[PDB]
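Asks:
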Amino acid sequence: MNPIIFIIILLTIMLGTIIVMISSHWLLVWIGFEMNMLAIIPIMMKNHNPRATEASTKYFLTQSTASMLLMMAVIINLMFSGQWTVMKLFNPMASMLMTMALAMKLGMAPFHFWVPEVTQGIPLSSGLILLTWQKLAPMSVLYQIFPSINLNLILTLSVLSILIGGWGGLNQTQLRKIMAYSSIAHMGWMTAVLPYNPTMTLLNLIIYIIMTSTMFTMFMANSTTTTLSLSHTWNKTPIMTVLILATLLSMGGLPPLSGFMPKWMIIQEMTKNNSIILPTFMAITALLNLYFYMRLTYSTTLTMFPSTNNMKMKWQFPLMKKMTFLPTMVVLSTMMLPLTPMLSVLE
Amino acid sequence: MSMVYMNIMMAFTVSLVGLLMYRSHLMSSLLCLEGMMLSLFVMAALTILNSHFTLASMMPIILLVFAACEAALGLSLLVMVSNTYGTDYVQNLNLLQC
Amino acid sequence: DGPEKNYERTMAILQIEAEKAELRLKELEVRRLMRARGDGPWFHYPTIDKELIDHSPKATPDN
Amino acid sequence: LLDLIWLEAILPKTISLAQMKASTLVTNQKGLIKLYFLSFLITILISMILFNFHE
Amino acid sequence: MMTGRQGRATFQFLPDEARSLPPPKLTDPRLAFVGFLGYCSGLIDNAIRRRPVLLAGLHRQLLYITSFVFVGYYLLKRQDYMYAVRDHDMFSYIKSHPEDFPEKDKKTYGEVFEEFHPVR
Amino acid sequence: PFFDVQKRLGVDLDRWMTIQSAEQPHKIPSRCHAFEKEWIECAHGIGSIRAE
Amino acid sequence: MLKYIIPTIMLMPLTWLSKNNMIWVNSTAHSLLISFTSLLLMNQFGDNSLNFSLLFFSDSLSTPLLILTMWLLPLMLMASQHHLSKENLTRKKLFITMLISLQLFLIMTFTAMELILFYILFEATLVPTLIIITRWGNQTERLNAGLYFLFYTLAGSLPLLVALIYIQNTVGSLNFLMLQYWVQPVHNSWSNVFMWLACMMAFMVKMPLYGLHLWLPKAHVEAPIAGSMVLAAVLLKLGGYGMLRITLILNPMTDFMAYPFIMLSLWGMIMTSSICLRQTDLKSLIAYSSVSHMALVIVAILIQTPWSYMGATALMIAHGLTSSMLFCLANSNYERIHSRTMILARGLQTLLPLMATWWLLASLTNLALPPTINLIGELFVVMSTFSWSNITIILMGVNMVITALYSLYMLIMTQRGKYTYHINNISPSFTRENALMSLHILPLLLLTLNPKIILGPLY
Amino acid sequence: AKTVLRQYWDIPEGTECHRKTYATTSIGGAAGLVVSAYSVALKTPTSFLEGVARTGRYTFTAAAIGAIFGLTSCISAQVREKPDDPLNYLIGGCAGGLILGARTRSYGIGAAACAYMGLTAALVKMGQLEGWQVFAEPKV
Amino acid sequence: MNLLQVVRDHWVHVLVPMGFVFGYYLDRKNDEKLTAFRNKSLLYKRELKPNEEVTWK
Ligand SMILES: CCCCCCCCCCCCCCCCCC(=O)OC[C@H](COP(=O)(O)OCCN)OC(=O)CCCCCCCCCCCCCCCCC
Ligand SMILES: CCCCCCCCCCCCCCCCCC(=O)OC[C@H](COP(=O)(O)OCCN)OC(=O)CCCCCCCCCCCCCCCCC
Ligand SMILES: CCCCCCCCCCCCCCCCCC(=O)OC[C@H](COP(=O)(O)OCCN)OC(=O)CCCCCCCCCCCCCCCCC
Ligand SMILES: CCCCCCCCCCCCCCCCCC(=O)OC[C@H](COP(=O)(O)OCCN)OC(=O)CCCCCCCCCCCCCCCCC
Ligand SMILES: CCCCCCCCCCCCCCCCCC(=O)OC[C@H](COP(=O)(O)OCCN)OC(=O)CCCCCCCCCCCCCCCCC
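Chains as they are written, first to last, in the deposited numbering: chain N, 1 to 347; chain K, 1 to 98; chain h, 81 to 143; chain L, 552 to 606; chain d, 1 to 120; chain e, 1 to 52; chain M, 1 to 459; chain Y, 1 to 140; chain f, 1 to 57.
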C-alpha cells in the first residue's frame with residue numbers, strides 16, 4: 001500500500017470505532033460498525049495470498065451477518081419504543097438479537113470459530129488490530145445496554161468463552177492461533193462481570209489490550225509466528241525472552257503481576273453479589289490458559305532449544321523494527337499491581 | 001402488530017436461515033445477505049412512514065447506501081476468491097483449518 | 081520500643097482499621113438500596129432528555 | 552501402589568487426560584464456512600426454544 | 001454505578017469541584033513508584049536496542065521518568081477525586097434515608113449470650 | 001453515549017433524530033407526539049430504574 | 001518492616017553493580033548483615049504483638065520464621081556458587097536476583113497484617129520458585145516438576161482467594177488484629193463446609209497433606225540445591241503459618257472438619273516414613289522425610305491446643321534447619337559423583353571423616369534426639385495428641401521407630417561399609433562445604449539453650 | 001428448560017418417582033439432542049442414516065443417564081426416609097456415571113464418571129437446600 | 001590511585017547499610033502518623049513530666 005493510503009485506512013478504522021463510542025443514535029452506531037468493517041478488510045488483504053483472502057472472506061461474512069442482526073434489533077426497538085436513543089432496549093427480542101450480534105462481533109463462543117482462523121490468516125500487525133482495537137466498539141455498546149441484557153444469556157456466553165478459549169489453546173503450536181484462543185478466554189471475563197459492575201469490564205479490557213499489544217509487538221520484533229521459531233529467540237535477543245516470560249506470566253494472572261488485577265477485581269464484584277460458584281469455576285478454568293502460556297515460556301525462556309548454524313549470521317545485525325511503545329507497554333503489563341486503586345479513574 | 005409485519009419478519013427470518021445454511025456458491029449466500037437488507041429496508045420504511053416520524057424518513061436511504069457499499073466489498077472478495085480457485089465455492093476456503 | 085508506644089500505636093492502628101471496616105459494610109448496604117430503588121446518584125441509568133422536545137405549535141392542532 | 556500409581560491416577564493424571572481430550576474436540580474443526588454458520592443457526596434456535604433467551 | 005451522578009460534568013477529566021480537594025503531594029509514595037516505573041521503562045528501552053543499559057541516552061531516560069511522573073500526577077488527582085465523590089454520595093444517601101441506617105442499641109459482652117465451644 | 005463528546009462540546013451530531021417529538025421540518029408532528037412528550041417528561045431526570 | 005524490606009531490595013543493585021568476581025562475596029556478606037539485624041524482631045511482649053504499621057506486624061509466630069528466612073539466604077548463596085561457577089555472569093546475577101526476590105516476598109508474607117496482602121505475597125513466591133526449578137534444575141524432569149508445583153498450588157489457592165474476599169464482604173475487614181475481636185462462630189451448614197475447605201486446602205497442599213503431596217517429591221528433587229533449601233526450609237512453612245492464622249476464624253467447625261485431615265496425616269506420616277526405607281534416590285528420601293514431619297504439624301494445628309501450637313512452631317523451625325542441612329549434605333556428594341542414587345557411593349566415612357560427622361549430627365536431629373529442638377517440637381505434639389485421643393500414641397510411636405530406621409539407614413548406607421572401588425574422585429571436603437554444614441547445625445543446637453524464642457505466641 | 005426444571009423441583013423428594021424420572025429423562029434427552037445437533041453440524045456424517053444413528057446413540061445415552069439418576073435418587077430418598085439429604089443425589093449421580101461407562105464400554109470412564117457426577121449431583125442438592133445461585137441476580 | 005579506584009572498587013558496600021538507615025528512618029516516620037492515642041490509653045495515660053511534651057515519639 002501507498003503509505004499515505006495506509007494511514008488514511010487506519011484512521012478510518014479508528015473513526016468507525018470513535019463514531020460508535022460518541023453516538024447517541026442507533027443508526028450512527030450501526031454506521032460506525034459499517035465504516036470500521038470496510039476499512040479493516042484492506043489491512044487483512046494487504047499481503048495478497050490465498051490464506052489472507054480466505055480470512056478476509058470469513059471475516060466479512062461473520063461481521064456482515066452480525067451487522068444485519070444488529071440492525072434488526074434496532075428496528076424492533078424502534079417499533080416498540082418509537083425512538084433511536086442508544087440506551088437500554090425496550091423489547092426482549094431486540095435485546096437477544098443485539099447481544100448475539102455483539103457476541104458474534106467479539107468472537108465469543110459459540111460464535112468463536114472465525115477468530116482462530118482469521119487471526120492465523122493475516123499478518124501479525126493486522127492480528128494486533130483485530131484482537132485489540134476491534135473489541136472497543138462492541139464493548140462500548142455492551143457497556144450501555146447491559147441493564148436490558150438477559151442475565152442467563154450473557155453469563156452463558158461468558159462461561160462457554162472461558163471454556164472454549166482455554167481448551168482451544170491447549171492444542172496450538174501457531175502463535176497467532178494461541179493469541180486468538182487467549183482472546184476468546186479473556187473475552188469471557190469481561191462479559192461475566194458486565195451485569196454486576198461494568199467498570200470492571202473496562203478495567204479488564206484495558207489491561208488485556210496492553211498485554212496483548214505487548215505480545216504481538218514482541219512477536220513482530222523477531223518475525224515469529226510459530227512456537228518453534230520463537231524458540232530461537234534466546235540465541236538472538238536474550239532480553240526479549242525475559243520480557244516474553246514476564247508478560248506470559250502476567251497474562252496467566254499470576255501475582256504479583258498486572259494480569260492478576262482484573263481477575264482479582266472481577267472475583268470481588270461477583271462475590272459481593274453472592275455469586276460464589278461462578279467466579280470459582282472461572283478462576284479454576286483459567287488455569288487452562290496458564291498452562292499453554294507456561295508451555296510457551298518453557299520453549300522460549302526457561303530452556304534452550306536447538307539452534308541452527310545460519311543463526312550466527314543474524315548476530316551481526318541489529319534489530320531495526322520500530323517496536324513502538326514496547327518498553328512502556330511491558331512495564332505496564334507487569335508492574336502495575338501496586339497501583340490497583342487507580343481503577344477508580346474508570347468510574 | 002399489524003398483519004404486514006408478520007410477512008416482513010418472516011422474510012427476514014427466511015433470508016437469515018438462507019444465509020446461515022450455505023450450499024456451494026458464495027454468490028448464493030451474498031444474495032441472502034442482500035435479501036436481509038431488503039427486508040430491513042421495508043420494515044424500517046413501514047414503521048417510519050406509518051408513524052409520521054418525519055426526520056426518520058432519511059434513515060432507509062442511509063441503510064440502503066451503506067448496505068450496497070458493503071455488498072460491493074463482498075462482491076470484490078468473491079471475485080478475488082474466484083481468481084484464486086476459478087470458482088466461488090466455499091469448500092475451497094478451508095486452508096485456515098490448519 | 082517500650083510497651084507503651086507499641087500499645088498506643090496498636091490502638092491507633094485498630095481505630096483506623098475499625099473505621100474502614102464499618103465504612104466497607106456501610107458502602108455495601110448503600111449500594112444494595114440504591115440499586116434496588118434507583119433513588120440515589122448511583123445506578124442512575126439515563127432517560128431521554130426532555131429539552132429535546134419541541135413545544136412549538138405544530139402543523140396540525142391535536143398533538 | 553499408592554504414591555506412584557493411584558495418587559497419580561485419581562487426580563493429576565485423570566484431570567490432565569480429560570483436558571487433552573476436550574481440547575481435541577474443540578480444535579478438530581474442518582475450517583468450512585458452511586459448518587460454522589450451520590452451528591450458528593443451532594445456537595440461535597436453542598437460545599429461543601430451549602432457554603427462552605428471547606424473553 | 002456512578003455513571004449518572006447528579007453532579008457529573010460529563011466527559012471531563014477533572015471537574016471543577018475537584019479543585020476543593022488537596023492535591024497529591026509531589027512526595028506521594030504512589031507518585032514515586034510511578035517515576036520508578038518510568039525509570040524501568042528507560043532501562044528496558046536501552047536493553048532491547050543493545051545500548052549500555054545504565055549509561056546510554058540519559059536524555060531519553062529522563063524523558064521516560066518525567067512523562068510517567070507527569071501523567072501519574074493527574075491520574076492520582078482523578079483517583080482521589082473519584083473516591084471523594086464516592087464517599088460524598090454515600091454519606092448524603094445515609095442522611096437522606098435515616099430509616100434505613102438506624103443507630104443500633106448495642107450491648108456489652110456481659111449482657112449478650114455467646115455459646116461456649118470447648119476445645120478438648 | 002460511551003464518550004459524551006456531544007454534551008461537552010455542545011454540538012448536536014445525532015440527537016436531533018433520536019425521538020419523534022423533537023423539532024421536525026415544517027413542524028410536522030408525529031402521530032404519537034403527545035404520548036411521547038408525556039412519557040419523556042414523566043421519566044425525565046429520575047433514571048430508568050424509577051421510570052420503569 | 002521497612003528496615004528489612006529496603007536492605008533486602010538493595011541486595012539487587014549490590015549484585016548488579018558489583019565487580020564481576022565479587023558477586024558472591026558481596027551478596028553473601030550483606031545478606032549476613034541483614035540476617036544479623038533481624039534479631040531486633042525479638043522485642044515481643046507477653047500480651048500484645050509488635051505492630052509496626054497498618055501494613056505489617058510481627059508476633060512470636062512470624063518472628064522465628066523471619067529470622068530463619070533471612071538466615072537461609074546467605075546459606076543458599078554459599079550452596080549455589082560452586083555449581084554455577086561456569087554460568088555466564090548475567091545469568092548468575094539473575095539467579096541471585098530470584099533468591100533475593102523470594103526473600104523479599106517471604107519476609108513481607110510473614111508480616112502482612114491483612115490476609116489479602118498475605119495472599120498476594122503468598123502466591124508471589126511461586127514465580128521465583130518456579131523459575132529457579134525450571135531454569136537451573138539439572139534434569140529433564142524439572143519441567144514436569146515445575147508444572148506439578150505450579151498447578152497443585154493454584155488449584156488450592158484460587159478457592160482461597162474467593163473465600164477471603166467473601167470474608168471481607170461479610171466481616172468488613174481482613175486485618176488480622178481486627179479479626180481477633182470481630183470473629184464470629186461458624187454455624188454448621190453446607191455452605192460453611194465449603195468455606196472451611198476453601199480457607200484450608202491451599203495451605204494443606206503446601207504442607208503438603210498426604211494425598212496432595214505428589215508435587216513435593218518432584219519439585220524438591222529436581223530443583224537446584226538453593227531451590228531445595230528454600231522449598232523445604234521455608235516454603236513448606238507458609239502452609240503451616242497460613243493455617244495457624246486462618247483457623248482463628250473457623251471455630252467451631254474445625255472440631256469435626258479436622259477428622260478427615262487428621263486421619264490422612266496420622267496414617268500418612270506412617271506411609272511416607274515407610275517409603276523412605278525403600279527409596280533409591282538420596283534426595284528423594286530426604287524429600288519424603290519432610291512430608292512425614294509436616295504431617296505432625298498439620299495434626300498439631302488441627303487439634304488447636306496450646307501445647308500443640310507450641311510444638312508446631314518448634315517443629316517448623318527445627319525441620320527447616322534439619323531438612324536444609326540434609327539437602328546440602330546430599331548435594332555435596334552429588335557434586336562429586338554426579339548421581340543421586342544412594343547405593344552408588346558407600347563407605348564415605350573412610351574418605352571424608354569430618355563430613356561424616358555432619359551426616360551423623362544431621363541424622364540425630366532428624367530422628368529427634370533429645371534435647372534437640374526437633375525432639376522438643378515432636379514431644380509437645382505427641383503430648384497434646386495423647387490428650388486428643390490416647391490411641392494416637394500408637395501411630396506416633398510407630399512413626400518414631402520408622403523414623404529412626406530410615407534416618408540411620410541413610411547414614412549407614414552412604415557413610416559405612418566399604419567404599420566403592422571405582423569411584424576415585426572423592427576429593428577432600430572444601431572449607432565452603434564445612435562452613436555450610438556448621439551454619440545449619442550450630443544455630444540448631446544453640447536454640448536448645450533458649451527454646452522459648454521458637455515456641456510461638458502460646459508460650 | 002425453565003419448565004421441566006420447575007416441574008422436577010415441585011415434586012417433593014422421595015415421592016412420585018415415576019414423575020421424577022420423566023423430568024430427568026427429558027432433561028437428559030434434551031441435552032443429548034443438543035449434543036447431537038452440534039456434532040452432526042460440525043462433523044458431517046457420511047450419510048443421512050449415519051447421522052440419524054449418531055443422534056440416536058447420543059440421545060439414548062443422555063436420556064438413560066437422566067432416567068437412572070432420577071429413578072435411583074428418588075428411590076434412595078424413599079427407602080431411607082431422608083428427603084433433604086445430598087447422599088441420595090450422590091448415589092443417583094454415580095449410577096448415572098456407571099451408565100456412561102457402560103454406554104462407552106469403558107470401566108475407566110465409568111469410575112471417573114461415577115466420582116465426578118456423584119459429587120456434582122450432591123453439590124446441586126446442597127445448593128437447592130442452601131439457596132446457592134449459579135447465575136446470581138445483581139444486588140449491589 | 002588512592003581514595004579514587006578504592007571508592008570505585010568498594011562504593012557498592014554503602015547500598016545495603018544505607019538501605020537499613022533509610023528503612024529505619026521511614027519506620028520512625030510511620031510512627032508519627034499513629035499518635036492518635038499517645039498518652040490517651042486507659043492503661044498508660046498520665047500527666048506529662050514538667051519538661052516533657054510527648055510520652056513517646
Ligand atoms: C545532564 C544531561 C542530561 C540528562 C540528565 C538526566 C539524568 C537523569 C536520568 C536518569 C539517569 C540516572 C543516573 C544514571 C547514572 C549512570 C552512570 C553509569 O552508567 O556509570 C556506571 C556506575 C559505576 O559503575 P562502574 O563502577 O563504572 O562499573 C561497575 C561494573 N559492574 O554505576 C552507577 O553508579 C549507576 C547508579 C545507578 C543509576 C542511578 C539510579 C537512579 C534511580 C532513579 C529512580 C527513579 C525514581 C523517580 C521518582 C521521582 C518521583 C518525583
Ligand atoms: C481445591 C483443592 C486443590 C488441591 C487439589 C489439587 C489436585 C491437583 C490438580 C492437578 C492439576 C492437573 C495436573 C497438573 C500437573 C501438570 C500437568 C502435566 O504436566 O501433564 C502433562 C500433559 C502431557 O501433555 P504435554 O505436557 O502438553 O506434552 C508435552 C508438550 N508440552 O499435559 C497435558 O496433556 C495437558 C494438561 C492440561 C491440564 C493443565 C492443568 C489445568 C488444571 C485445571 C483444570 C481445568 C478444569 C476446567 C474444566 C471445567 C469444565 C469441566
Ligand atoms: C486422597 C486424596 C487427598 C485429598 C483429601 C481431600 C480431603 C477432603 C475431605 C472433605 C470432607 C469434608 C467433610 C464433608 C462432609 C460434611 C461434613 C459435615 O458437616 O458433617 C457433620 C458431621 C459431624 O459429626 P459430629 O461430630 O457427630 O457433629 C457434632 C456432634 N458431636 O459429620 C461427621 O460425622 C464428621 C466426620 C466427617 C469426616 C468423615 C471422614 C471419613 C473417613 C475418613 C476418610 C479420610 C479421607 C479419605 C480421602 C480419600 C480420598 C480418595
Ligand atoms: C437410530 C435412532 C432412531 C431415531 C431416533 C433418533 C432421531 C431423533 C430425531 C432427530 C432428527 C433427525 C436427525 C438426523 C439429522 C440428519 C442426519 C444427517 O447427517 O443428514 C445427512 C447429511 C450428510 O450430508 P452429506 O455428506 O452431504 O450427504 C447427504 C446425504 N443426503 O447431514 C448434514 O448435511 C448435516 C446438516 C443437516 C443437519 C442439521 C442439524 C440438525 C440435525 C441434528 C440432529 C437432530 C437434533 C436436532 C433436531 C431435534 C428435533 C428432532
Ligand atoms: C446424571 C447425574 C447428573 C446430576 C446433575 C449433574 C450433571 C452432571 C453433568 C455431567 C456432564 C457429563 C459430560 C460427559 C461428556 C461425554 C464424554 C464421553 O466420553 O461420552 C462419549 C459419548 C459418545 O460416545 P463416543 O464413543 O465417545 O463418540 C462417538 C462418536 N460417534 O457421549 C454421548 O454419547 C453423549 C453424551 C451426553 C452426556 C449428557 C449427560 C447429561 C445427563 C443429564 C441428566 C440429568 C437430568 C437432570 C437432573 C435435574 C436434577 C438434578
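For each residue, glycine too, the CB sits at the ideal point set by N, CA and C.
1. Which term fits f/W11, buried or exposed, when burial requires 16 or more other beta carbons within 10 angstroms of its beta carbon?
2. Starting from N/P116, trace the alpha helix (DSSP H) in both directions and tell me its first and last residue.
3. Are M/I426 and M/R346 closer than 7 Å when you measure CB to CB?
4. Between the C-alpha atoms of M/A287 and N/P279, what's the straight-line distance to the nearest angstrom?
5. Helix, strand or coil for Y/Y58? Go by DSSP, reduced to three states.
6. Please confirm whether any heavy atom of ligand 3 lies closer than 6 Å to the CB of M/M263.
7. Considering only residues of the region 220-256 of chain M, which uninterrupted alpha helix (DSSP H) runs meet the minimum length of 4 residues and lie entirely inside it, listed in chain order?
8. Quick check: the Cα distance between M/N144 and L/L558, rounded to an integer number of angstroms?
9. Quick one: which chain N residues come within Cβ less than 7 Å of K/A44?
10. Which chain Y residues are close to h/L103, counting only those with a beta carbon under 9 Å from its beta carbon?
11. Where DSSP assigns a beta bridge to M/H187, which residues make up the other side?
12. Just to be sure I understand the criterion: a residue counts if its Cβ is closer than 7 Å to at least one heavy atom of ligand 4. Which residues meet that?
13. Using the beta-carbon count (16 or more within 10 Å), is f/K40 buried or exposed?
14. With a threshold of 16 other CB atoms inside 10 Å of the CB of e/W16, please say whether the residue is buried or exposed.
15. Starting from N/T85, follow its DSSP beta bridges and name the residues at the other end.
16. Near d/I94, which residues of its chain fall below 7 Å by C-beta distance, leaving aside the five closest residues on each side in sequence?
17. Enumerate in chain order the residues of its own chain whose CB-to-CB distance from residue 123 of chain K is below 7 Å, with the five nearest sequence positions on each side excluded.
18. If you run the structure through DSSP and keep just helix, strand and coil, what is K/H25?
19. Please list the segments of the alpha helix (DSSP H) lying wholly inside the region 41-106 of chain Y, counting only runs of 4 or more residues, in order along the chain.
20. Per the contact definition of three or more C-beta pairs closer than 8 Å, is the region 76-84 of chain N in contact with the region 124-135 of chain N?
21. Please work out which residues of its chain come closer than 6 Å, Cβ to Cβ, to Y/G97, disregarding the five sequence neighbours upstream and downstream, and give them in chain order.
22. For the region 5-54 of chain M, which segments carrying the alpha helix (DSSP H) assignment without a break, of at least 4 residues, lie completely within its bounds, in sequence order?
23. Relative to the C-alpha of M/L160, which residue among M/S323, M/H220, M/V205 is closest?
24. Report the neighbours of f/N30 on chain M: residues whose CB is nearer than 8 Å to its CB, in chain order.
Replies: To lay it out plainly:
1. exposed
2. Per DSSP, N/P116 is one residue of the alpha helix (DSSP H) stretching across 114-120.
3. No, Cβ-Cβ distance for M/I426 and M/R346 is not below 7 Å.
4. 35 Å
5. helix
6. yes
7. 225-230, 236-246
8. 16 Å
9. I75
10. The contacting residues do not exist; h/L103 stays about 15 Å from chain Y at best.
11. None, per the DSSP bridge assignment.
12. L/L589, L/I593, Y/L33, Y/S36, Y/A37, Y/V40, Y/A41, Y/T44, Y/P45, Y/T46, Y/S47, Y/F48, Y/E50, Y/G51, Y/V52, Y/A53, Y/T55, Y/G56, Y/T59
13. exposed
14. With fewer than 16 neighbouring CB atoms inside 10 Å of its own CB, e/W16 falls in the exposed class.
15. N/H25
16. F101
17. Because chain K here runs from 1 to 98, residue 123 of chain K falls outside it and cannot be looked at.
18. strand
19. 48-80, 86-104
20. no
21. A113, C114, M117
22. 23-37
23. M/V205
24. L2, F52, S53
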